[PDB]
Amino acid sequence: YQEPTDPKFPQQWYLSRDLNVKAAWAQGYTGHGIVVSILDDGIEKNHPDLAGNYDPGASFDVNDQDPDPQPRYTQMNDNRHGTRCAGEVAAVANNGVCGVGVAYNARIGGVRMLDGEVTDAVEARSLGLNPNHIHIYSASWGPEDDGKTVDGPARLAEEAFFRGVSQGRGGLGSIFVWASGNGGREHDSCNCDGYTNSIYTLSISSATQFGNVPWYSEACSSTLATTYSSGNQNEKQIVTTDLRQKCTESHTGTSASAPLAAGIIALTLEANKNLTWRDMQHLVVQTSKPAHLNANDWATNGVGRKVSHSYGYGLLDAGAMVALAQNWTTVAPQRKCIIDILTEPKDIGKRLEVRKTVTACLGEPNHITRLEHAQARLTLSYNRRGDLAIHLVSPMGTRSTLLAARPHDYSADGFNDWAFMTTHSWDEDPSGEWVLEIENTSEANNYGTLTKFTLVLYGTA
């Protein structure tokens, strides 16, 4: 196998301490036949490293209500982001221009939807564009990473997510690849971001070249895996296509990780086009590598898998992803077991611990023995939300941090049926005692009440 000859390919250190993408290329997997769409601020479809792979069938301009998603050109190049993410996925190879994409033979599209008023309807139009032509949607955007916002998809966007995974791709389910967030400097927790917290989205985090947690990284239990991205000034960054037919070597942040993940999934879908949206998540859990990723919270869960709140299950391994996909057996239909835990409201005060032994819908059609996502839907009041830290312990003993202290969150609105999600008990037996922990991390006299705690289990039998 002859590797890319593109001029900036040697600078794509993260391709071939890397994501093991060359190994998938040598197996014959470069993304041919897979369609990926970038939901962002537009895509320079005439870019010399994108035009050859551009697909108008995966593109639309929601902001200006027209098929052409061309970015709006300004002095500051404000609308360069979508083009940078598209080059990470499907930049053309062996044409002497800039570098290559992870899936350099895939068709790439873009939905221009951030350069304008982003409403619930605008998001739903983009998430549901041509769902039987687009296989993978890559989105890095979400609520403000100020460390004090609790926001997620509204009704239309939420429905569009469900419609995608239920009926998209001929029923196999649209793949939504999402970036966990850039609120590290504000001590943000990406479980307060309903887009990455969703079970319908494949949440991806960032690691620096030296294998450390970047300054912008957000820790939460909803993240699934990690790909490389920017770090400090001694560490290299992501090399991709830039606006005005230029090349860039300084693509940063968690927005540079999600498209890399979408490209690896595009390679995986070529190795097995029958994979469901849940199948793809199972593959990521099983093949992701924690090795050489530095984190102080690596913990082994009930099935013996290393898991971190900064990294999820570890680095994406494209070679291992495509290898396991070829002979992967489609998982059984998803089951959803809803268990109401609280019989009465509980006073939080300084510390609250809720223990409940559950049968996981035993004797019912939603009986679960192999867990996938687990949810704790909490409705609580508190006088300073940022002081709360919430943990959820599975019967197997796996400690999931649902919410970490957010020092900038001075809100008194608490949480209203907010679905904190965790991926750390994947493949565990949900039967047994579940423990919820809510404690005040500050020395101040804080007060509040937990009024509803619904434990929502997903998985198979």
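Each residue number is its position in the shown sequence, starting from 1.
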Continuity check for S16 and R17, given as deposited residues lacking coordinates between them: 4 to 9
Higher-B stretch (mean Cα B-factor, as the entry records it), 343-351 or 106-114: 343-351
Given 207-215 and 358-366, the range whose Cα B-factors average higher in the PDB entry: 358-366
C-alpha B-factor winner, where the candidates are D146, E158, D78, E123: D78
Selection by C-alpha B-factor (highest) of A325, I175, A374, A225: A325
CA B-factor placement of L283, once the chain's modelled residues are sorted into thirds: lowest
Assigned third (lowest, middle, highest) for the C-alpha B factor of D317: highest
Ranked C-alpha temperature factor of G414 among modelled chain residues, by third: middle
B-factor third for the C-alpha atom of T454 within its chain: lowest
CA B-factor placement of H292, once the chain's modelled residues are sorted into thirds: highest
